[PDB]
$ cat input17.cif   # mmCIF, C-alpha atoms
data_run
#
loop_
_atom_site.label_atom_id
_atom_site.label_comp_id
_atom_site.auth_asym_id
_atom_site.auth_seq_id
_atom_site.Cartn_x
_atom_site.Cartn_y
_atom_site.Cartn_z
CA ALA A 1 42.81 175.93 53.54
CA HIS A 2 42.28 176.55 49.80
CA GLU A 3 38.53 177.20 49.77
CA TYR A 4 38.31 178.93 46.40
CA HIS A 5 39.73 175.89 44.62
CA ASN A 6 37.69 173.27 46.50
CA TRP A 7 34.59 171.65 45.07
CA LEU A 8 32.43 171.94 48.20
CA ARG A 9 32.60 175.40 49.77
CA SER A 10 30.94 177.47 52.50
CA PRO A 11 27.25 176.96 51.57
CA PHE A 12 27.61 173.20 52.05
CA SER A 13 28.98 173.37 55.60
CA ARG A 14 26.50 176.09 56.52
CA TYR A 15 23.66 173.91 55.25
CA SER A 16 24.74 170.70 56.98
CA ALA A 17 25.30 172.58 60.24
CA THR A 18 21.59 173.14 60.88
CA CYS A 19 19.76 170.63 58.67
CA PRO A 20 17.64 167.98 60.43
CA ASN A 21 19.11 164.48 60.44
CA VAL A 22 16.59 162.85 58.07
CA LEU A 23 16.51 161.36 54.58
CA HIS A 24 15.53 164.50 52.70
CA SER A 25 18.57 166.36 54.02
CA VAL A 26 20.75 163.64 52.47
CA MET A 27 18.80 163.88 49.23
CA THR A 28 19.12 167.65 49.09
CA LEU A 29 22.84 167.49 49.80
CA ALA A 30 22.96 165.23 46.75
CA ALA A 31 20.86 167.67 44.72
CA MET A 32 23.11 170.57 45.78
CA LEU A 33 25.84 168.88 43.72
CA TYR A 34 24.11 169.41 40.38
CA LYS A 35 26.64 171.01 38.04
CA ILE A 36 26.73 174.49 36.51
CA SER A 37 27.94 173.28 33.08
CA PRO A 38 25.89 174.38 30.05
CA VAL A 39 25.31 170.76 29.03
CA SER A 40 23.90 170.24 32.51
CA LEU A 41 21.62 173.21 31.82
CA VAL A 42 20.35 171.41 28.72
CA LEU A 43 19.83 168.16 30.62
CA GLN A 44 18.13 169.71 33.67
CA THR A 45 16.02 172.07 31.57
CA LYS A 46 14.81 169.27 29.28
CA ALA A 47 13.78 167.44 32.46
CA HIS A 48 11.80 170.56 33.46
CA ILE A 49 13.68 170.75 36.75
CA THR B 1 14.39 202.63 92.51
CA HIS B 2 14.46 204.62 95.70
CA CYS B 3 16.29 203.06 98.62
CA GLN B 4 17.07 203.78 102.24
CA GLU B 5 20.54 204.37 103.67
CA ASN B 6 21.93 205.30 107.06
CA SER B 7 19.65 208.28 107.87
CA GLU B 8 19.32 208.83 104.10
CA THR B 9 17.03 208.04 101.17
CA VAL B 10 18.84 207.61 97.87
CA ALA B 11 18.18 206.63 94.27
CA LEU B 12 19.66 203.46 92.77
CA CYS B 13 20.06 202.70 89.07
CA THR B 14 21.43 199.43 87.71
CA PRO B 15 21.32 197.85 84.25
CA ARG B 16 18.88 195.15 83.20
CA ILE B 17 21.57 192.73 82.11
CA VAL B 18 19.26 190.36 80.22
CA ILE B 19 16.05 191.00 78.31
CA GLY B 20 14.17 188.75 80.71
CA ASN B 21 14.42 191.46 83.37
CA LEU B 22 11.80 193.61 81.65
CA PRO B 23 8.49 193.77 83.58
CA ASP B 24 5.95 191.20 82.45
CA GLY B 25 3.49 193.95 81.57
CA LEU B 26 6.06 195.25 79.09
CA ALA B 27 7.36 191.87 77.90
CA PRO B 28 5.10 189.06 79.14
CA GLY B 29 5.77 185.35 79.46
CA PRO B 30 3.72 184.39 76.39
CA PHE B 31 5.78 186.89 74.42
CA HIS B 32 9.02 185.29 75.59
CA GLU B 33 7.67 181.88 74.62
CA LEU B 34 6.73 183.13 71.15
CA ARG B 35 10.12 184.82 70.71
CA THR B 36 11.74 181.52 71.67
CA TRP B 37 9.61 179.78 69.04
CA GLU B 38 10.94 182.35 66.57
CA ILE B 39 14.57 181.59 67.42
CA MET B 40 13.85 177.85 67.31
CA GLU B 41 12.40 178.19 63.82
CA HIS B 42 15.51 180.17 62.87
CA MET B 43 17.77 177.27 63.91
CA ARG B 44 15.53 174.75 62.07
CA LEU B 45 14.42 173.23 65.39
CA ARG B 46 10.76 173.89 64.53
CA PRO B 47 9.61 170.47 65.68
CA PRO B 48 12.28 169.93 68.33
CA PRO B 49 13.63 166.42 68.94
#

$ encode --input "input17.cif" --output "structure tokens"
Amino acid sequence: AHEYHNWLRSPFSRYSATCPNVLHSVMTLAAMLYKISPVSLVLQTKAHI
Amino acid sequence: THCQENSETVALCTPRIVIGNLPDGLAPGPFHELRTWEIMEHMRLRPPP
């Protein structure tokens, strides 16, 4: 039950509870795993995402 | 409402347990259908299966 130390927390389960069972929901679950590292900020920002 | 009893006329009050019990002039059928569409959009069932 150690939520605070898990990787995937409450927003993920709340999202997958309601989301329609289609391809884009899978893709956006994948996009929800983009990291919060500063190097990831450089890489995402240079991609203009 | 007013009601009859054994040699008596009495007043009766009871609760409207569900919202559907409101008179249709005060909450009509099209309104209930639209409110249902609202709840369905809330649960992401906007186009239902």

$ interface_residues --input "input17.cif" --of "chain A" --to "chain B" --cutoff "10 Å" --atoms "all atoms listed in the file" --output "list in words"
residues 17, 18, 19 and 20 of chain A

$ residues_around --input "input17.cif" --residues "range 2-14 of chain A" --least-positions-apart "6" --cutoff "12 Å" --atoms "all atoms listed in the file" --output "PyMOL selection string"
(chain A and resi 25-26+28-36) or (chain B and resi 43)

$ atom_distance --input "input17.cif" --atom1 "CA of residue 38 in chain B" --atom2 "CA of residue 24 in chain A"
23.1 Å

$ atom_distance --input "input17.cif" --atom1 "CA of residue 20 in chain B" --atom2 "CA of residue 32 in chain B"
8.0 Å

$ atom_distance --input "input17.cif" --atom1 "CA of residue 1 in chain A" --atom2 "CA of residue 15 in chain A"
19.3 Å

$ residues_near_point --input "input17.cif" --point "(13.2, 188.8, 82.4)" --cutoff "12 Å" --atoms "all atoms listed in the file" --output "VMD selection string"
chain B and resid 16 to 29 31 to 33

$ resolve_selection --input "input17.cif" --expression "the PyMOL selection byres ((chain B and resi 1) around 8)" --output "ChimeraX atom specification"
/B:2-3,11-13
